[PDB]
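Here is how the chains run, residue by residue.
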Amino acid sequence: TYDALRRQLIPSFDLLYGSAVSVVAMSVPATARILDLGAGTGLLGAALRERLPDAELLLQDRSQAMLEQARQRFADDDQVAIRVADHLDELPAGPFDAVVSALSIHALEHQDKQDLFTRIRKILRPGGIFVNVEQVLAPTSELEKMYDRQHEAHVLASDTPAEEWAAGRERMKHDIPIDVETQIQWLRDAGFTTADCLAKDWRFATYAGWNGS
Ligand SMILES: Nc1ncnc2c1ncn2[C@@H]1O[C@H](CSCC[C@H](N)C(=O)O)[C@@H](O)[C@H]1O
Ligand SMILES: [Ca+2]
Ligand code: NA
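Listed as the method for this PDB entry is X-ray crystallography; the listed resolution is 1.40 Å.

**Q** Is there a simple way to think about the overall build of the protein in this case?
**A** When you go through the protein residue by residue, the secondary structure sums to 8 helices and 7 strands. Against the 2.2 N^0.38 benchmark of 17 Å for 213 residues, the protein shows a C-alpha radius of gyration of 16 Å, consistent with a compact globule. Going through the 213 residues of the protein one by one, you find that 51% of them count as buried. Within the protein, residue pairs in contact and separated by at least 24 positions form 70% of the contacts whose partners lie at least 6 positions apart. Total accessible area computed for the protein in this model is approximately 10,100 Å², and 50% of it derives from carbon and sulfur atoms. Each charge class in the protein was averaged separately, 22 positive and 33 negative side chains, and the resulting centres sit 2 Å apart.

**Q** How should I be thinking about the UniProt feature "domain: Methyltransferase" (unreviewed entry) in the protein in this particular structure?
**A** The residues that UniProt annotates with the feature "domain: Methyltransferase" (unreviewed entry) are residues 34-128. Counted over residues 34-128, helix gives 35% and strand 28%. Its end C-alpha atoms are 10 Å apart.

**Q** Whenever I open this one, the packing of helix α1 (residues 2-9) against helix α7 (residues 162-172) confuses me. Can you help?
**A** In helix packing, the relevant descriptors are the interaxial angle and the interaxial distance, both defined with respect to the helix axes. Taken N-terminus to C-terminus, the directions of α1 and α7 make an angle of 70 degrees; their axes are 11 Å apart at the nearest point. As far as their axial angle goes, α7 and α1 are roughly perpendicular. Pair α1 / α7 crosses with right-handed handedness. For the pair formed by α1 and α7, the contact residues are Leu-5, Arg-6 and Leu-9 on the first element and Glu-164, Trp-165 and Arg-171 on the second. Looking at the contact of α1 with α7, its residues break down into 3 nonpolar, no polar and 3 charged.

So, how was this worked out
Position numbers follow the written sequence of each chain, starting from 1, instead of the entry's numbering, which may differ; residues with no coordinates are not represented. Lettering for chains starts from A, numbering for ligands starts from 1, and both go in the order in which the items are written. No hydrogens and no water enter the side-chain calculation; it runs on all heavy atoms of the structure. Numbering goes from the N terminus for both helices and strands, where a helix is a DSSP run of H or I of at least four residues and a strand is a run of E of at least two. Note on method: radius of gyration uses C-alpha positions; expected globular size equals 2.2 Å times residues raised to 0.38. Relative accessibility under 20% of the residue-type maximum defines a buried residue, over 50% an exposed one, and the middle range a partly exposed one, all with a 1.4 Å probe and only protein chains included. Note on contacts: a residue pair is in contact if any heavy atoms of the two residues lie within 4.5 Å. Per-residue and other accessible areas follow the Shrake-Rupley method at a 1.4 Å probe size, with only the shown protein chains counted as cover for residues. Charged residues are defined narrowly, with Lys and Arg counted positive, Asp and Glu counted negative, and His plus the chain ends left uncounted. Charge positions are represented by NZ for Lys, CZ for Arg, CG for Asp and CD for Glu. UniProt positions are given in the numbering used here, feature names are shortened, and annotations may be inferred rather than shown by experiment. Where helices are involved, their axes are fitted lines through C-alpha atoms of the stretch in contact, as for all axes, and angles between N-to-C directions lie from 0 to 180°. Roughly parallel means an angle under 35 degrees; roughly antiparallel means over 145; roughly perpendicular covers 65 to 115; every other angle is labelled oblique. Handedness of a crossing is defined here by the sense of rotation of the near helix relative to the far one, left-handed for an anticlockwise turn of less than a right angle and right-handed for a clockwise turn. For this scheme, ten residues count as nonpolar: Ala, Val, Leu, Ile, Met, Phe, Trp, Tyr, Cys and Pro. Four count as charged, namely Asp, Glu, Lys and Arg, and the remainder, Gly too, count as polar.

So this is what it looks like as structure tokens:
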């Protein structure tokens, strides 16, 4: 229902979230310790749990209301913990095999994104992976209009309730997105040895940084 609405609002939901799960599964052991940053209702954590039954998940968000949905989703899961913290607050010490995030970090000022990527690398073990499923800006105003048309085309094709799309539009006014290549370069600046865009559908992209490989 909520998960159905996220699929209606997010072009290539299965490709982009699935790419995040696949790249983690190919980068970390079965028993990986994983931080889901801005976990919300725990959708990305849930996708990872489906693939990695033995992974320890820490779901972190500033919103207790969002994390209540995550607590309900993971009620019977003894390998899931929840932390209430802002991206800008001290991160959990870990170390972590993976730090993942979906549709959260684009809320931060650009300087705070650059600092967050560096702070994430500090809590990753050597060879650890950072993955972001992200809302990204087009590199030009003209291309941004085309990105917007492609997003609207998906929303309309998915028979999204008009009020939910209106609410989606209102939330996006507060967003501080940047182009995918700029923020992938920020991973290199943060000291990740490899950074790559795995999958992309115009405004939405899955990218990753590796802490040594
Ligand atoms: N500065 C910040 N610190 C922590 N969480 C933040 C944040 N800004 C936004 N968030 C959280 O980021 C989430 C964005 S919605 C995405 C939720 C989830 N990752 C999913 O894929 O469905 C919300 O849960 C919101 O509370
Ligand atoms: Ca948003
Ligand atoms: Na709760």
